[PDB]
file model_15.cif (mmCIF, C-alpha atoms and all ligand atoms; chains and numbers go by the auth columns)
data_input
#
loop_
_atom_site.group_PDB
_atom_site.id
_atom_site.type_symbol
_atom_site.label_atom_id
_atom_site.label_comp_id
_atom_site.label_asym_id
_atom_site.label_seq_id
_atom_site.Cartn_x
_atom_site.Cartn_y
_atom_site.Cartn_z
_atom_site.B_iso_or_equiv
_atom_site.auth_seq_id
_atom_site.auth_asym_id
ATOM 1 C CA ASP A 1 9.183 19.036 2.167 0.00 50 A
ATOM 2 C CA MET A 2 7.777 15.610 1.010 0.00 51 A
ATOM 3 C CA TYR A 3 8.055 14.838 -2.713 0.00 52 A
ATOM 4 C CA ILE A 4 7.082 12.068 -5.156 0.00 53 A
ATOM 5 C CA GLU A 5 9.267 10.366 -7.832 0.00 54 A
ATOM 6 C CA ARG A 6 7.912 7.923 -10.497 0.00 55 A
ATOM 7 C CA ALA A 7 8.994 4.277 -9.902 0.00 56 A
ATOM 8 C CA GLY A 8 7.137 2.329 -12.634 0.00 57 A
ATOM 9 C CA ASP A 9 3.936 1.236 -14.431 0.00 58 A
ATOM 10 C CA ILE A 10 1.239 -0.787 -12.711 0.00 59 A
ATOM 11 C CA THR A 11 1.094 -4.084 -14.620 0.00 60 A
ATOM 12 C CA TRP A 12 0.822 -7.773 -13.792 0.00 61 A
ATOM 13 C CA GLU A 13 4.072 -9.541 -14.880 0.00 62 A
ATOM 14 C CA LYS A 14 3.812 -13.110 -16.198 0.00 63 A
ATOM 15 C CA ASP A 15 6.384 -15.375 -14.542 0.00 64 A
ATOM 16 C CA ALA A 16 7.181 -13.185 -11.502 0.00 65 A
ATOM 17 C CA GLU A 17 9.067 -14.466 -8.370 0.00 66 A
ATOM 18 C CA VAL A 18 6.483 -16.557 -6.423 0.00 67 A
ATOM 19 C CA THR A 19 7.016 -16.523 -2.615 0.00 68 A
ATOM 20 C CA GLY A 20 5.148 -15.972 0.701 0.00 69 A
ATOM 21 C CA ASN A 21 2.684 -18.071 2.707 0.00 70 A
ATOM 22 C CA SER A 22 -1.147 -17.579 3.401 0.00 71 A
ATOM 23 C CA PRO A 23 -1.749 -17.365 7.224 0.00 72 A
ATOM 24 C CA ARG A 24 -5.218 -17.116 8.858 0.00 73 A
ATOM 25 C CA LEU A 25 -4.915 -14.646 11.739 0.00 74 A
ATOM 26 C CA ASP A 26 -7.481 -13.424 14.302 0.00 75 A
ATOM 27 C CA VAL A 27 -6.949 -9.639 14.475 0.00 76 A
ATOM 28 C CA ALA A 28 -8.486 -6.523 16.116 0.00 77 A
ATOM 29 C CA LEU A 29 -8.451 -3.007 14.545 0.00 78 A
ATOM 30 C CA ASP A 30 -8.375 -0.079 17.018 0.00 79 A
ATOM 31 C CA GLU A 31 -9.512 3.576 16.610 0.00 80 A
ATOM 32 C CA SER A 32 -5.920 4.661 15.758 0.00 81 A
ATOM 33 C CA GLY A 33 -5.815 2.210 12.798 0.00 82 A
ATOM 34 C CA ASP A 34 -3.553 -0.258 14.627 0.00 83 A
ATOM 35 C CA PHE A 35 -3.968 -3.977 13.970 0.00 84 A
ATOM 36 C CA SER A 36 -3.218 -6.397 16.809 0.00 85 A
ATOM 37 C CA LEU A 37 -3.164 -10.196 17.160 0.00 86 A
ATOM 38 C CA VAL A 38 -5.981 -11.812 19.132 0.00 87 A
ATOM 39 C CA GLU A 39 -3.817 -15.002 19.648 0.00 88 A
ATOM 40 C CA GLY B 1 4.059 18.411 -12.220 0.00 16 B
ATOM 41 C CA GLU B 2 3.926 14.648 -12.900 0.00 17 B
ATOM 42 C CA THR B 3 0.371 13.263 -13.065 0.00 18 B
ATOM 43 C CA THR B 4 0.984 10.135 -15.233 0.00 19 B
ATOM 44 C CA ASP B 5 -0.614 6.925 -13.847 0.00 20 B
ATOM 45 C CA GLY B 6 1.791 4.528 -12.086 0.00 21 B
ATOM 46 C CA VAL B 7 3.631 3.695 -8.835 0.00 22 B
ATOM 47 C CA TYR B 8 5.638 6.474 -7.121 0.00 23 B
ATOM 48 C CA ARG B 9 8.137 6.801 -4.258 0.00 24 B
ATOM 49 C CA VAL B 10 7.364 9.172 -1.359 0.00 25 B
ATOM 50 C CA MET B 11 10.536 10.899 -0.237 0.00 26 B
ATOM 51 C CA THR B 12 11.690 13.411 2.435 0.00 27 B
ATOM 52 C CA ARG B 13 14.732 15.610 3.076 0.00 28 B
ATOM 53 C CA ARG B 14 13.990 16.256 6.853 0.00 29 B
ATOM 54 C CA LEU B 15 16.210 13.259 7.829 0.00 30 B
ATOM 55 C CA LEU B 16 19.817 12.430 6.661 0.00 31 B
ATOM 56 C CA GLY B 17 20.125 12.629 2.840 0.00 32 B
ATOM 57 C CA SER B 18 17.005 11.728 0.847 0.00 33 B
ATOM 58 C CA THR B 19 14.922 9.118 2.664 0.00 34 B
ATOM 59 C CA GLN B 20 12.037 7.043 1.290 0.00 35 B
ATOM 60 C CA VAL B 21 9.146 7.077 3.787 0.00 36 B
ATOM 61 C CA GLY B 22 6.625 5.262 1.548 0.00 37 B
ATOM 62 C CA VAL B 23 5.058 4.598 -1.868 0.00 38 B
ATOM 63 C CA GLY B 24 1.820 5.539 -3.673 0.00 39 B
ATOM 64 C CA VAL B 25 -0.422 5.008 -6.708 0.00 40 B
ATOM 65 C CA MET B 26 -1.343 7.760 -9.193 0.00 41 B
ATOM 66 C CA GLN B 27 -4.577 6.840 -11.001 0.00 42 B
ATOM 67 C CA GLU B 28 -7.066 9.136 -12.776 0.00 43 B
ATOM 68 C CA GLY B 29 -5.178 12.237 -11.555 0.00 44 B
ATOM 69 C CA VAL B 30 -5.517 11.141 -7.877 0.00 45 B
ATOM 70 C CA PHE B 31 -2.490 10.147 -5.702 0.00 46 B
ATOM 71 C CA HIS B 32 -3.320 7.264 -3.258 0.00 47 B
ATOM 72 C CA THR B 33 -1.113 6.318 -0.270 0.00 48 B
ATOM 73 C CA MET B 34 -1.246 5.165 3.413 0.00 49 B
ATOM 74 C CA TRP B 35 -1.899 7.779 6.202 0.00 50 B
ATOM 75 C CA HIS B 36 1.141 6.734 8.258 0.00 51 B
ATOM 76 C CA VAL B 37 3.436 7.586 5.255 0.00 52 B
ATOM 77 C CA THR B 38 2.524 11.329 4.922 0.00 53 B
ATOM 78 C CA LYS B 39 0.394 11.956 8.082 0.00 54 B
ATOM 79 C CA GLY B 40 -1.871 13.957 5.670 0.00 55 B
ATOM 80 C CA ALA B 41 0.844 16.491 4.767 0.00 56 B
ATOM 81 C CA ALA B 42 0.997 18.199 1.292 0.00 57 B
ATOM 82 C CA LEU B 43 3.265 16.677 -1.400 0.00 58 B
ATOM 83 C CA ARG B 44 5.515 18.088 -4.131 0.00 59 B
ATOM 84 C CA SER B 45 5.683 16.676 -7.705 0.00 60 B
ATOM 85 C CA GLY B 46 8.490 18.591 -9.399 0.00 61 B
ATOM 86 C CA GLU B 47 7.271 22.196 -9.222 0.00 62 B
ATOM 87 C CA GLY B 48 3.589 21.261 -8.659 0.00 63 B
ATOM 88 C CA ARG B 49 1.833 20.843 -5.310 0.00 64 B
ATOM 89 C CA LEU B 50 -0.546 17.987 -4.352 0.00 65 B
ATOM 90 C CA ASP B 51 -2.999 18.818 -1.565 0.00 66 B
ATOM 91 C CA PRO B 52 -4.798 16.126 0.482 0.00 67 B
ATOM 92 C CA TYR B 53 -8.459 15.674 -0.513 0.00 68 B
ATOM 93 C CA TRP B 54 -9.655 12.751 1.668 0.00 69 B
ATOM 94 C CA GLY B 55 -8.200 10.760 4.514 0.00 70 B
ATOM 95 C CA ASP B 56 -9.004 8.429 7.403 0.00 71 B
ATOM 96 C CA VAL B 57 -6.580 7.351 10.223 0.00 72 B
ATOM 97 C CA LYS B 58 -8.656 4.249 11.019 0.00 73 B
ATOM 98 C CA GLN B 59 -8.438 2.951 7.429 0.00 74 B
ATOM 99 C CA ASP B 60 -4.783 4.249 7.281 0.00 75 B
ATOM 100 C CA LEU B 61 -5.513 5.765 3.834 0.00 76 B
ATOM 101 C CA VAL B 62 -5.194 9.219 2.209 0.00 77 B
ATOM 102 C CA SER B 63 -5.934 10.546 -1.341 0.00 78 B
ATOM 103 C CA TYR B 64 -4.582 13.681 -3.044 0.00 79 B
ATOM 104 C CA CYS B 65 -6.116 15.971 -5.780 0.00 80 B
ATOM 105 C CA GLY B 66 -9.417 14.045 -5.740 0.00 81 B
ATOM 106 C CA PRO B 67 -11.489 11.293 -4.130 0.00 82 B
ATOM 107 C CA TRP B 68 -10.275 7.657 -3.747 0.00 83 B
ATOM 108 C CA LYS B 69 -10.420 5.987 -7.214 0.00 84 B
ATOM 109 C CA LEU B 70 -9.267 2.394 -6.455 0.00 85 B
ATOM 110 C CA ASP B 71 -12.316 0.116 -6.263 0.00 86 B
ATOM 111 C CA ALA B 72 -11.069 -3.394 -7.314 0.00 87 B
ATOM 112 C CA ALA B 73 -11.284 -6.170 -4.672 0.00 88 B
ATOM 113 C CA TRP B 74 -9.413 -9.439 -4.039 0.00 89 B
ATOM 114 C CA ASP B 75 -11.697 -12.330 -5.182 0.00 90 B
ATOM 115 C CA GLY B 76 -10.741 -14.422 -2.110 0.00 91 B
ATOM 116 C CA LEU B 77 -9.361 -17.242 -4.309 0.00 92 B
ATOM 117 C CA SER B 78 -6.625 -16.147 -6.719 0.00 93 B
ATOM 118 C CA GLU B 79 -2.942 -15.331 -6.332 0.00 94 B
ATOM 119 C CA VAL B 80 -1.954 -11.620 -6.450 0.00 95 B
ATOM 120 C CA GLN B 81 1.219 -9.572 -6.983 0.00 96 B
ATOM 121 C CA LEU B 82 2.825 -7.090 -4.591 0.00 97 B
ATOM 122 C CA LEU B 83 4.469 -4.451 -6.801 0.00 98 B
ATOM 123 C CA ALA B 84 7.114 -3.746 -4.160 0.00 99 B
ATOM 124 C CA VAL B 85 9.020 -0.476 -4.438 0.00 100 B
ATOM 125 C CA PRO B 86 11.730 -0.810 -1.741 0.00 101 B
ATOM 126 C CA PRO B 87 14.037 2.035 -0.610 0.00 102 B
ATOM 127 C CA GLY B 88 16.915 2.586 -3.060 0.00 103 B
ATOM 128 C CA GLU B 89 15.924 -0.518 -5.071 0.00 104 B
ATOM 129 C CA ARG B 90 14.052 -1.100 -8.352 0.00 105 B
ATOM 130 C CA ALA B 91 10.270 -1.838 -8.492 0.00 106 B
ATOM 131 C CA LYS B 92 9.812 -5.675 -8.366 0.00 107 B
ATOM 132 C CA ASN B 93 6.630 -7.879 -8.690 0.00 108 B
ATOM 133 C CA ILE B 94 6.228 -10.658 -6.126 0.00 109 B
ATOM 134 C CA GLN B 95 3.479 -13.237 -6.600 0.00 110 B
ATOM 135 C CA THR B 96 1.796 -14.651 -3.506 0.00 111 B
ATOM 136 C CA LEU B 97 -1.466 -16.231 -2.381 0.00 112 B
ATOM 137 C CA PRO B 98 -3.017 -14.003 0.274 0.00 113 B
ATOM 138 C CA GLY B 99 -3.891 -15.278 3.728 0.00 114 B
ATOM 139 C CA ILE B 100 -6.765 -13.879 5.841 0.00 115 B
ATOM 140 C CA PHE B 101 -7.189 -11.320 8.664 0.00 116 B
ATOM 141 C CA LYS B 102 -10.328 -12.444 10.561 0.00 117 B
ATOM 142 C CA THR B 103 -11.981 -9.476 12.331 0.00 118 B
ATOM 143 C CA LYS B 104 -15.253 -8.991 14.262 0.00 119 B
ATOM 144 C CA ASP B 105 -16.369 -6.737 11.307 0.00 120 B
ATOM 145 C CA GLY B 106 -15.485 -9.192 8.497 0.00 121 B
ATOM 146 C CA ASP B 107 -12.520 -10.830 6.761 0.00 122 B
ATOM 147 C CA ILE B 108 -9.739 -9.024 4.848 0.00 123 B
ATOM 148 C CA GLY B 109 -7.004 -10.507 2.610 0.00 124 B
ATOM 149 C CA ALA B 110 -3.427 -10.430 3.934 0.00 125 B
ATOM 150 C CA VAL B 111 0.041 -10.609 2.283 0.00 126 B
ATOM 151 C CA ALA B 112 2.937 -12.337 4.074 0.00 127 B
ATOM 152 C CA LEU B 113 5.972 -10.592 2.622 0.00 128 B
ATOM 153 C CA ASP B 114 8.799 -8.750 4.391 0.00 129 B
ATOM 154 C CA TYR B 115 10.192 -5.503 3.088 0.00 130 B
ATOM 155 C CA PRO B 116 11.635 -2.397 4.839 0.00 131 B
ATOM 156 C CA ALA B 117 8.992 0.007 6.291 0.00 132 B
ATOM 157 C CA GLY B 118 9.672 2.561 3.498 0.00 133 B
ATOM 158 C CA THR B 119 7.838 0.096 1.166 0.00 134 B
ATOM 159 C CA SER B 120 4.431 1.114 2.770 0.00 135 B
ATOM 160 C CA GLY B 121 1.946 2.134 0.048 0.00 136 B
ATOM 161 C CA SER B 122 3.134 -0.367 -2.635 0.00 137 B
ATOM 162 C CA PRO B 123 0.086 -1.571 -4.602 0.00 138 B
ATOM 163 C CA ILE B 124 -1.326 -5.112 -4.616 0.00 139 B
ATOM 164 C CA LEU B 125 -2.667 -6.218 -8.027 0.00 140 B
ATOM 165 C CA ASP B 126 -5.126 -8.750 -9.486 0.00 141 B
ATOM 166 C CA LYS B 127 -4.575 -10.674 -12.856 0.00 142 B
ATOM 167 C CA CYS B 128 -5.867 -7.719 -14.928 0.00 143 B
ATOM 168 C CA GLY B 129 -3.409 -5.394 -13.205 0.00 144 B
ATOM 169 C CA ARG B 130 -6.181 -3.618 -11.217 0.00 145 B
ATOM 170 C CA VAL B 131 -5.096 -2.255 -7.800 0.00 146 B
ATOM 171 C CA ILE B 132 -6.989 -4.223 -5.130 0.00 147 B
ATOM 172 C CA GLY B 133 -5.195 -2.502 -2.188 0.00 148 B
ATOM 173 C CA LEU B 134 -2.030 -1.060 -0.582 0.00 149 B
ATOM 174 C CA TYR B 135 0.648 -2.929 1.437 0.00 150 B
ATOM 175 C CA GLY B 136 2.012 -1.580 4.736 0.00 151 B
ATOM 176 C CA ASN B 137 -0.505 -1.731 7.595 0.00 152 B
ATOM 177 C CA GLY B 138 -0.568 -4.985 9.474 0.00 153 B
ATOM 178 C CA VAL B 139 0.923 -7.061 12.251 0.00 154 B
ATOM 179 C CA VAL B 140 4.117 -8.864 13.393 0.00 155 B
ATOM 180 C CA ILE B 141 3.691 -12.615 14.049 0.00 156 B
ATOM 181 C CA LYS B 142 5.563 -14.916 16.559 0.00 157 B
ATOM 182 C CA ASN B 143 8.580 -15.407 14.209 0.00 158 B
ATOM 183 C CA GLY B 144 9.138 -11.631 13.822 0.00 159 B
ATOM 184 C CA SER B 145 7.870 -11.750 10.214 0.00 160 B
ATOM 185 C CA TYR B 146 5.473 -9.078 8.932 0.00 161 B
ATOM 186 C CA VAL B 147 1.956 -9.714 7.626 0.00 162 B
ATOM 187 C CA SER B 148 0.170 -6.770 5.947 0.00 163 B
ATOM 188 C CA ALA B 149 -3.574 -6.293 5.383 0.00 164 B
ATOM 189 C CA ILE B 150 -4.708 -5.808 1.752 0.00 165 B
ATOM 190 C CA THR B 151 -5.978 -2.246 2.568 0.00 166 B
ATOM 191 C CA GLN B 152 -8.546 -0.907 0.082 0.00 167 B
ATOM 192 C CA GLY B 153 -10.612 2.336 0.225 0.00 168 B
ATOM 193 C CA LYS B 154 -14.149 3.041 -1.026 0.00 169 B
ATOM 194 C CA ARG B 155 -14.981 4.789 -4.322 0.00 170 B
ATOM 195 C CA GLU B 156 -18.071 7.105 -4.199 0.00 171 B
HETATM 196 N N1 LIG C . -0.002 4.259 14.866 0.00 201 C
HETATM 197 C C1 LIG C . 1.300 3.579 14.920 0.00 201 C
HETATM 198 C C2 LIG C . 1.599 2.862 13.625 0.00 201 C
HETATM 199 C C3 LIG C . 1.051 1.616 13.375 0.00 201 C
HETATM 200 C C4 LIG C . 1.250 0.986 12.159 0.00 201 C
HETATM 201 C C5 LIG C . 2.014 1.572 11.165 0.00 201 C
HETATM 202 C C6 LIG C . 2.343 0.818 9.901 0.00 201 C
HETATM 203 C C7 LIG C . 3.399 -0.265 10.173 0.00 201 C
HETATM 204 N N2 LIG C . 4.062 -0.707 8.969 0.00 201 C
HETATM 205 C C8 LIG C . 5.220 -1.375 9.024 0.00 201 C
HETATM 206 O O1 LIG C . 5.876 -1.464 10.061 0.00 201 C
HETATM 207 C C9 LIG C . 5.706 -2.021 7.757 0.00 201 C
HETATM 208 C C10 LIG C . 6.721 -2.969 7.811 0.00 201 C
HETATM 209 C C11 LIG C . 7.178 -3.566 6.649 0.00 201 C
HETATM 210 C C12 LIG C . 6.664 -3.197 5.426 0.00 201 C
HETATM 211 C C13 LIG C . 5.679 -2.239 5.358 0.00 201 C
HETATM 212 C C14 LIG C . 5.199 -1.655 6.517 0.00 201 C
HETATM 213 C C15 LIG C . 2.774 -1.451 10.913 0.00 201 C
HETATM 214 O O2 LIG C . 1.985 -2.199 10.325 0.00 201 C
HETATM 215 N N3 LIG C . 3.093 -1.644 12.210 0.00 201 C
HETATM 216 C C16 LIG C . 4.119 -0.900 12.967 0.00 201 C
HETATM 217 C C17 LIG C . 4.490 -1.583 14.275 0.00 201 C
HETATM 218 C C18 LIG C . 4.628 -3.090 14.101 0.00 201 C
HETATM 219 C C19 LIG C . 3.356 -3.713 13.532 0.00 201 C
HETATM 220 C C20 LIG C . 2.390 -2.672 12.990 0.00 201 C
HETATM 221 C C21 LIG C . 2.620 2.786 11.446 0.00 201 C
HETATM 222 C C22 LIG C . 2.380 3.445 12.639 0.00 201 C
#
call {"tool": "encode", "arguments": {"input": "model_15.cif", "output": "structure tokens"}}
result
Amino acid sequence: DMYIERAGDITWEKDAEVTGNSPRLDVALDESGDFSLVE
Amino acid sequence: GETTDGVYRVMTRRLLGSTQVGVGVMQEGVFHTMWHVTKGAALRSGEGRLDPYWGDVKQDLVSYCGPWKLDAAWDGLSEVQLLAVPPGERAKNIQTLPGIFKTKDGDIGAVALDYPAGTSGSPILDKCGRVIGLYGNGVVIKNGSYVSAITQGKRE
């Protein structure tokens, strides 16, 4: 059923779109691999 | 089938039409993705078959054809790029300065970018283009935005 298709090369691109912030979050990781916020 | 290094889409035909469930990285003949994308199921690459080799639900990672090969780490200072491969859209690099996930077991880098869920598995790169982790396992913050961990495995 599941199949893979190539999407591109893995390279750093000079002058890429720069967006997104840098938050510091307290988190917990459970046995099922779920992250959760501790506030 | 196709074993060339690079970023790949992970598709299914179980739902309506062809649906993208995630993304992965082929490096050194090993296919790397997140556990929630495939649930450890076998993959098809043209006429060839890729069998799972290693996996761990807690790390939310799985490797195919061989052991985990991605060993680069975020330096905790520099900006990085998410090589986002969104459903039905072209691969696009997005530069961002990672935040932090503070856990009782140590700190992990985090990327605050919002893409559809089918983008899970897209690699996160350092300045030399080395894969320092995969995007797609994280948390939703108070404003409904998504923050993903920079999830990296261990090379033996
Ligand atoms: N065991 C259940 C389970 C937990 C976690 C995941 C991964 C999921 N990934 C995205 O939703 C996502 C969104 C945008 C871009 C890329 C990935 C995620 O992190 N959450 C889902 C639920 C909400 C907050 C946690 C899947 C299954």
call {"tool": "residues_around", "arguments": {"input": "model_15.cif", "residues": "residue 59 in chain A", "least_positions_apart": "6", "cutoff": "10 Å", "atoms": "all atoms listed in the file", "output": "PyMOL selection string"}}
result
chain B and resi 20-22+40-42+98+108+138-140+144-146
call {"tool": "residues_around", "arguments": {"input": "model_15.cif", "residues": "residue 81 in chain B", "least_positions_apart": "6", "cutoff": "12 Å", "atoms": "only C-alpha atoms", "output": "ChimeraX atom specification"}}
result
/B:41-47,65-70,170-171
call {"tool": "resolve_selection", "arguments": {"input": "model_15.cif", "expression": "the PyMOL selection byres (((not hetatm)) within 9 of (chain C and resi 201))", "output": "PyMOL selection string"}}
result
(chain A and resi 81-85) or (chain B and resi 37+49-52+72+75+128-137+150-156+160-164)
call {"tool": "resolve_selection", "arguments": {"input": "model_15.cif", "expression": "the PyMOL selection byres ((chain B) within 7 of (chain A))", "output": "number ranges by chain"}}
result
B: 21-28, 58-60, 72-75, 106, 108-118, 127-128, 140, 142-144, 153-154
call {"tool": "write_last_selection", "arguments": {"input": "model_15.cif", "atoms": "C-alpha atoms", "output": "PDB file, in the frame of the given file"}}
result
ATOM      1  CA  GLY B  21       1.791   4.528 -12.086  1.00  0.00           C
ATOM      2  CA  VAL B  22       3.631   3.695  -8.835  1.00  0.00           C
ATOM      3  CA  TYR B  23       5.638   6.474  -7.121  1.00  0.00           C
ATOM      4  CA  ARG B  24       8.137   6.801  -4.258  1.00  0.00           C
ATOM      5  CA  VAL B  25       7.364   9.172  -1.359  1.00  0.00           C
ATOM      6  CA  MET B  26      10.536  10.899  -0.237  1.00  0.00           C
ATOM      7  CA  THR B  27      11.690  13.411   2.435  1.00  0.00           C
ATOM      8  CA  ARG B  28      14.732  15.610   3.076  1.00  0.00           C
ATOM      9  CA  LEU B  58       3.265  16.677  -1.400  1.00  0.00           C
ATOM     10  CA  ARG B  59       5.515  18.088  -4.131  1.00  0.00           C
ATOM     11  CA  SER B  60       5.683  16.676  -7.705  1.00  0.00           C
ATOM     12  CA  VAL B  72      -6.580   7.351  10.223  1.00  0.00           C
ATOM     13  CA  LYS B  73      -8.656   4.249  11.019  1.00  0.00           C
ATOM     14  CA  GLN B  74      -8.438   2.951   7.429  1.00  0.00           C
ATOM     15  CA  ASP B  75      -4.783   4.249   7.281  1.00  0.00           C
ATOM     16  CA  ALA B 106      10.270  -1.838  -8.492  1.00  0.00           C
ATOM     17  CA  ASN B 108       6.630  -7.879  -8.690  1.00  0.00           C
ATOM     18  CA  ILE B 109       6.228 -10.658  -6.126  1.00  0.00           C
ATOM     19  CA  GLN B 110       3.479 -13.237  -6.600  1.00  0.00           C
ATOM     20  CA  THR B 111       1.796 -14.651  -3.506  1.00  0.00           C
ATOM     21  CA  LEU B 112      -1.466 -16.231  -2.381  1.00  0.00           C
ATOM     22  CA  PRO B 113      -3.017 -14.003   0.274  1.00  0.00           C
ATOM     23  CA  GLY B 114      -3.891 -15.278   3.728  1.00  0.00           C
ATOM     24  CA  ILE B 115      -6.765 -13.879   5.841  1.00  0.00           C
ATOM     25  CA  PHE B 116      -7.189 -11.320   8.664  1.00  0.00           C
ATOM     26  CA  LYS B 117     -10.328 -12.444  10.561  1.00  0.00           C
ATOM     27  CA  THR B 118     -11.981  -9.476  12.331  1.00  0.00           C
ATOM     28  CA  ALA B 127       2.937 -12.337   4.074  1.00  0.00           C
ATOM     29  CA  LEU B 128       5.972 -10.592   2.622  1.00  0.00           C
ATOM     30  CA  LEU B 140      -2.667  -6.218  -8.027  1.00  0.00           C
ATOM     31  CA  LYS B 142      -4.575 -10.674 -12.856  1.00  0.00           C
ATOM     32  CA  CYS B 143      -5.867  -7.719 -14.928  1.00  0.00           C
ATOM     33  CA  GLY B 144      -3.409  -5.394 -13.205  1.00  0.00           C
ATOM     34  CA  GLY B 153      -0.568  -4.985   9.474  1.00  0.00           C
ATOM     35  CA  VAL B 154       0.923  -7.061  12.251  1.00  0.00           C
TER      36      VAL B 154
END
call {"tool": "atom_distance", "arguments": {"input": "model_15.cif", "atom1": "CA of residue 147 in chain B", "atom2": "CA of residue 89 in chain B"}}
result
5.9 Å
call {"tool": "closest_residue", "arguments": {"input": "model_15.cif", "among": "B:165, B:48, B:107, B:17", "to": "residue 83 in chain B", "atoms": "all atoms listed in the file"}}
result
B:48
call {"tool": "decode", "arguments": {"input": "model_15.cif", "residues": "range 146-157 of chain B", "atoms": "N, CA, C and O atoms", "output": "compact mmCIF listing (two decimals), in the first residue's frame"}}
result
# COMPACT_ATOMS: atom_id res chain seq x y z
N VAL B 146 21.40 16.76 8.08
CA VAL B 146 20.10 16.61 8.74
C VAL B 146 20.29 16.46 10.24
O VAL B 146 20.87 15.47 10.70
N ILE B 147 19.82 17.44 11.00
CA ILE B 147 19.88 17.47 12.46
C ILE B 147 18.57 16.97 13.12
O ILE B 147 18.50 16.91 14.34
N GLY B 148 17.56 16.58 12.32
CA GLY B 148 16.33 16.05 12.87
C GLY B 148 15.16 16.09 11.91
O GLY B 148 15.28 16.65 10.82
N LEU B 149 14.01 15.55 12.34
CA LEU B 149 12.77 15.51 11.56
C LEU B 149 11.69 16.31 12.28
O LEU B 149 11.67 16.36 13.53
N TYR B 150 10.83 16.96 11.49
CA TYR B 150 9.75 17.86 11.91
C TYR B 150 8.43 17.09 11.92
O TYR B 150 8.17 16.37 10.96
N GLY B 151 7.59 17.28 12.94
CA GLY B 151 6.30 16.59 12.96
C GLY B 151 5.82 15.95 14.24
O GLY B 151 4.70 15.44 14.27
N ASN B 152 6.61 15.98 15.33
CA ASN B 152 6.13 15.52 16.62
C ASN B 152 6.34 16.67 17.57
O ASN B 152 7.47 17.12 17.73
N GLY B 153 5.26 17.15 18.14
CA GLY B 153 5.35 18.29 19.04
C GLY B 153 4.08 18.59 19.77
O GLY B 153 3.34 17.68 20.17
N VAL B 154 3.80 19.89 19.95
CA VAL B 154 2.68 20.34 20.74
C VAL B 154 1.93 21.53 20.12
O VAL B 154 2.47 22.23 19.27
N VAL B 155 0.69 21.77 20.56
CA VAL B 155 -0.11 22.91 20.13
C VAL B 155 -0.13 23.92 21.28
O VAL B 155 -0.44 23.54 22.41
N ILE B 156 0.25 25.18 21.02
CA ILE B 156 0.29 26.19 22.07
C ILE B 156 -1.04 27.00 22.14
O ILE B 156 -1.92 26.79 21.32
N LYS B 157 -1.21 27.87 23.16
CA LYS B 157 -2.44 28.61 23.42
C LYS B 157 -3.09 29.30 22.20
O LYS B 157 -4.32 29.41 22.18
